[PDB]
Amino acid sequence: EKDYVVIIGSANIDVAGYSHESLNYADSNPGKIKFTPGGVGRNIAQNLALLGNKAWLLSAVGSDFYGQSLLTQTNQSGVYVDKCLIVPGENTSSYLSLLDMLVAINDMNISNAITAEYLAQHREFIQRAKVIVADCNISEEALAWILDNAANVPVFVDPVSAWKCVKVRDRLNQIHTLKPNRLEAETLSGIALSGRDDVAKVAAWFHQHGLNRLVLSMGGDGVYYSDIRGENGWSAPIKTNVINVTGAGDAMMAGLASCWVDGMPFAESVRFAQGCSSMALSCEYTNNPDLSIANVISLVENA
């Protein structure tokens, strides 16, 4: 109610291929192919809407049925998408994935339709939000715009990929919270993360470059959280049986931002976000439709 979250990210059409028993590179093996809504920013937005947050998605889609399906379904998930960009002439971004996991391919060129001018057309709206969530799928110039014209509003940035997260390197002094993985953080810092011993030096590198809060996900080991103010620590993983690994980081980011707007401490926010990730893990769907604050709180309580 007058408090909202703006997400500038990508909205993709996800094509997922599953094969019966084990799948090997040779021969055509029958299985299940799914067309599901996707895109880091879109997923984060949907999960935020599911967490009882007024989420506004600022993405770019095409004039094809894929785009309209994305927009309609996303709006139907409680996400305000009236300010989204529909580009007439270009194609909706796509993501092909062989899950279980083999190589993932992404055809995302409409993400560059999200421009400085487009965001500038929605200035003040972005500047009057509680939190701004951006992903590294957009253009470097757009990220620059958001970070420079945030107007003292915290910007939470999702790295998405290791080759796409360098765009915020020279700009870490403008990011409120980065959640990279091992490969991503190794890529950014240049320091090897070959252990649980080597995360202090990476965190130190990030803080020396101006990063306020770092949420480094180190698989098995857990999630290492660090604040530039001196607050460092480790968080243990919440025991869960996997079904689909897709959507973990998105649920984490949604949780983190929702917990920031809820006036929650860093560590507690890390546990809660880990709970959202855990709920994402337990679902076959990219986005758990039953994802709620109550369920996540129950999960962190009972574990």
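Start at 1 and count along the sequence shown; that's the residue number.
(request) Output yes if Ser22 is unmodelled in at least a third of the other compared entries of this protein, no if it is modelled in all of them. (result) Residue status for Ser22: gap in at least one third of the other entries.
(request) Could you tell me how many residues of the deposited sequence sit unmodelled between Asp107 and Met108 (none, 1 to 3, 4 to 9, 10 or more)? (result) In the deposited sequence, nothing is left without coordinates between these two.
(request) Identify the stretch, either 124-132 or 208-216, whose C-alpha atoms have the larger mean B-factor according to the entry. (result) Averaging CA B-factors over each stretch, the winner is 124-132.
(request) Read off the CA B-factors in the entry, average them over 280-288 and over 8-16, and name the higher stretch. (result) Per the deposited B-factors, the answer is 280-288.
(message) Among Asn244, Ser59, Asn43, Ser269, where is the Cα B factor highest in this entry?
(response) Answer, based on the entry's C-alpha B-factors: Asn244.
(request) Would you mind finding, among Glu117, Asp197, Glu141, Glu184, the residue with the largest C-alpha temperature factor in the entry? (result) So the option with the highest C-alpha B-factor is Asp197.
(request) Please rank the C-alpha B-factors of the chain's modelled residues and tell me whether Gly31 sits in the lowest, middle or highest third. (result) Its C-alpha B-factor, which the entry lists for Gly31, ranks in the highest third among residues of this chain.
(request) Select lowest, middle or highest to describe the third in which the CA B-factor of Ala55 falls within its chain in this entry. (result) Middle third.
(request) Divide the modelled residues of the chain into thirds by Cα B-factor and specify which third, lowest, middle or highest, holds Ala248. (result) For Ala248, whose C-alpha B-factor we compare with every modelled residue in the chain, the answer is the lowest third.
(request) Using the B-factors in the PDB entry, rank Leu70's C-alpha atom against the chain and give the third, lowest, middle or highest. (result) Within its chain, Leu70 is a middle-third residue by C-alpha B-factor, going by the deposited values.
(request) Going by the recorded CA B-factors, say which third of the chain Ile86 sits in, lowest, middle or highest. (result) For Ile86, the deposited C-alpha B-factor lands in the highest third.
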